């Protein structure tokens, strides 16, 4: 199993046609430099878990934008299908109007670069990538088809990475804003471990 997506390395470059505010526009990974990016793939337009994930992120977009973070979704469907899906009512399993870009990957090049393409199925699994403001890949979350991801966990992870970027302390298991962190040194670590126990 291959992939160019490697944590602590620059996220693999991508560019393509996206639907943005109902129109076709060219979108590039580099458009997002200077901001964190939640870049996630979903299997297929007009299916089941997928709309719920796209809608979940879209409807909570301000929780990301308020922390200098953007969100882009991608699938192997065409831009025409993305737009048709946006124009399908939510009650019919459509997206309705959406504020996050829907990127099209008809050739599968982007999916393969990110290691999320399913050769037997001709679409991706549920792969989500957290990329920092410097374009470095920090986190990879891959789900099998029948189980959707979590916006809340994605937010926690974004906050965690921004926190450690800024402060140089590290984040324990389950860390959320306000939680105790650790000075990553054999002596400094004791402040955390003695206070906790």
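Positions refer to the first chain, counted from 1.
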Residue stretch of maximal mean CA temperature factor, 179 to 187 vs 16 to 24 | 179 to 187
Comparing mean C-alpha B factor in the record for 132 to 140 and 25 to 33, the higher one is 25 to 33
Selection from 45, 165, 59, 70 [criterion: highest C-alpha temperature factor in the record] = 165
Identity of residue with top Cα B-factor, from 63, 152, 169, 53 | 169
Within this chain, which third does the Cα B-factor at residue 103 fall in: lowest, middle or highest?
-> middle
Should residue 96 be placed in the lowest, middle or highest third of its chain by the C-alpha B factor in the entry?
-> highest
With respect to C-alpha B-factor, does residue 115 fall in the lowest, middle or highest third of the chain as deposited?
-> middle
